[PDB]
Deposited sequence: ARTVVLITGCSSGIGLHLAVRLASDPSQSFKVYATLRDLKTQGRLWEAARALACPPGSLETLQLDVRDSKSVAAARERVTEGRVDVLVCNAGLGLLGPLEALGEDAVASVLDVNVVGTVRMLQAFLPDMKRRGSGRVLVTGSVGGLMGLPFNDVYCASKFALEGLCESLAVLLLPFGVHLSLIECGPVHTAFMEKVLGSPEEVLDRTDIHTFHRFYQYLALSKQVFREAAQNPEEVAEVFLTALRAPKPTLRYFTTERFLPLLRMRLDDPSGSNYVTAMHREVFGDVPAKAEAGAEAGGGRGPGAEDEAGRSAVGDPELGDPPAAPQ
């Protein structure tokens, strides 16, 4: 009990790890409502929770498909404390591919989950934190949300959108007690990439470039990808702040890339640097 937390997308990767990290906190002060798109996939979560030995009642899972506003309401109605102190917007999908090759459904789907879904959670939940003048909104950051990456145009679009959405609300919410923070992450070892996935819809040059990008991402992800457990610690950090900043970074690694991006509004610099980073 105390500190009701409600996290989205906890079947795996980040959701699952922060769920049980929070529920197994030595302080025992968190009540965790791990929500998932489909409960039948909750095996691992529970096994992890069970393996960690969490106070009974410290974990509860609800079904919440962030792309359905009815699902959202319902789960909210299932939070018995009638309050959420920490709201975690963590679900999201990637989408890779030459822009001309991406399909309408995939595009829409990405935007609906990553952006539109955070919008739904907040509408359903800001109100009562604002009214209670207390609440903490933590949103899962992503680096392809801070800078453009070749072949991930739509993913990046949907990921920059969260920044924008988040940045607008913090400008407002400051005064109401509610604090929003993004936990920005680089590659992380989750279920993410395995799910993320042309010849007939792209031209020979983009095609070969695609394949060249592809190969490299995978080698690099494997080299940089952090642990999903490393990332929960950052969410804990932020949520431990007395006055939390709007950005928390899970690694210093992209920092350098970011600064030369910001050091040049025309953007010509980043473009060249990123083209060479990706195609040598």
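No alpha-carbon coordinates exist for the deposited sequence positions 198-202, 286-327, given here in order along the chain.
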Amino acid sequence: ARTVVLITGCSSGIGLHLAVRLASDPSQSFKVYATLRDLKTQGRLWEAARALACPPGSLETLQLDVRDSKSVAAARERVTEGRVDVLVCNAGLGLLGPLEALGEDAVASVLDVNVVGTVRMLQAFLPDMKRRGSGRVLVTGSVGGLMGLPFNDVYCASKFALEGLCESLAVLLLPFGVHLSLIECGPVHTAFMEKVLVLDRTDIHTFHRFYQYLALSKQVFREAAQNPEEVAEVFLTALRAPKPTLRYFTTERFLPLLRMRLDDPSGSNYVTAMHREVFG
From here on, numbers count along this sequence of modelled residues.
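71-79 and 159-167 differ in mean CA B-factor, and the higher of the two is recorded for 71-79. Taking the mean C-alpha B-factor of each stretch as recorded, 204-212 and 107-115 are not equal, and the higher mean is that of 204-212. Going by the entry's values, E229 shows the largest Cα B-factor out of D38, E229, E60, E47. Residues shown: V188, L146, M193, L149. Highest C-alpha temperature factor in the entry: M193. When the modelled residues of the chain are ordered by C-alpha B-factor, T140 sits in the lowest third.
Sort the chain's modelled residues by C-alpha temperature factor and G92 lands in the lowest third, per the entry. Among the modelled residues of its chain, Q123 has a C-alpha B-factor that falls in the lowest third according to the deposited record. When all modelled residues of the chain are sorted by CA temperature factor, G9 is found within the lowest third. When the modelled residues of the chain are ordered by C-alpha B-factor, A53 sits in the highest third.
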